[PDB]
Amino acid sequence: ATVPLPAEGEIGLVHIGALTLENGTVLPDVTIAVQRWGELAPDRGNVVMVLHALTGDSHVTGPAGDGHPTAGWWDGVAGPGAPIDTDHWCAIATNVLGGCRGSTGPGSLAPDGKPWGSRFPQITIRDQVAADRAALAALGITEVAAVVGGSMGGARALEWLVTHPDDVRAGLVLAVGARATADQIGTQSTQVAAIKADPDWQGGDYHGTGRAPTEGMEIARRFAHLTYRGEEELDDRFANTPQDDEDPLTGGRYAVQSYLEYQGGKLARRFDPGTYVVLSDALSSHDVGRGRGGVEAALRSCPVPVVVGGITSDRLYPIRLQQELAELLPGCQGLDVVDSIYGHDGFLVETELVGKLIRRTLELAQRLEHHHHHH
């Protein structure tokens, strides 16, 4: 039983039915929202699975409007003759399980006709791969040419490569580690505590109450945005300068402060706090080594050709983590470094430099697929 791909650029909803989660909970009636660019090859051997990060969605490329609150999160990276060449490749992006942009998440109605809220299960990165796999299977896709993602996207791509090495030709893994680190769990669990401390959280059951913990989420987002930026670049841009016509020595704002307020407010206009909590806990859960004897054993086991990218100034997934991935994956020829001042967010900002790592990944994927014989 198969469902069609939606028209290029348009959101489709793929109903995958019940999903068994890693912790044994069965999540009934899951829907995954999908967008796609490029035509699916007759052998279905040309799928590039584009995996969004924490606040991304299915909208990889294109303008805001027509139900999209933002332009594509990798705008220009996909299209005819772009780094993801949609004259040859079928670029498919899901909204991750737990999301708020069309896929089943805490805001979605449970079988009892009420929002999941506090009843939404704890999900892992492996759960997110399982939901994406079932979505692709519902579209009649069983094999993918390449998985490509940065950050939570990189965690998704890596778990996909390690879990289904027989069903993926190649991967780009950007700005992530093999497992969540203490620092990342530290900041992720404290961002969650910020949301859960807001009185409007209502134990997670705020959905449809007309009150939401957006203030808690804005606080979390201000702290998260700093982890995503380059320390030096921030100081070059704002230093200790005041906001326009305000005096910080008598309670006015600094320019960086005003900026973080703005970033907070942007997110509150387009993103659900419950989704923030569920995806931040999923990020804390990241560990390719779990149930496999640890990170070294998991990665040494994986034969898939993988391009690994790190950003020089990344303060959240520092370069030592992508060095460790590159060294342990036998299919990784060595580390690619994105020389960016923009920190972790450089995987979204440096579209030309990331563009080149994507081109080499898909050059590799095409050669491997041409030489890969499967049912």
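Start at 1 and count along the sequence shown; that's the residue number.
For the stretches 53-61 and 332-340, which has the higher mean C-alpha B-factor as given in the deposited record?
According to the PDB entry, the answer is 332-340.
So which stretch wins on mean C-alpha B-factor, 286-294 or 197-205?
Going by the record's values, the stretch with the higher mean is 197-205.
Return the residue from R315, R36, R320, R44 that has the highest Cα B-factor in the entry.
Of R315, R36, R320, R44, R44 has the highest C-alpha B-factor.
CA B-factor ranking of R119, expressed as a third of its chain:
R119: CA B-factor falls in the highest third of its chain.
Where does the C-alpha B-factor of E246 rank in its chain, lowest, middle or highest third?
Tercile = highest for this residue's CA B-factor.
Among the modelled residues of its chain, does the C-alpha B-factor of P28 lie in the lowest, middle or highest third?
Tercile = highest for this residue's CA B-factor.
For the chain shown, is the CA B-factor of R211 in the lowest, middle or highest third of its modelled residues?
According to the entry, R211 has a C-alpha B-factor in the chain's highest third.
Among modelled residues of the same chain, the CA temperature factor third for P69:
For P69, the deposited C-alpha B-factor lands in the highest third.
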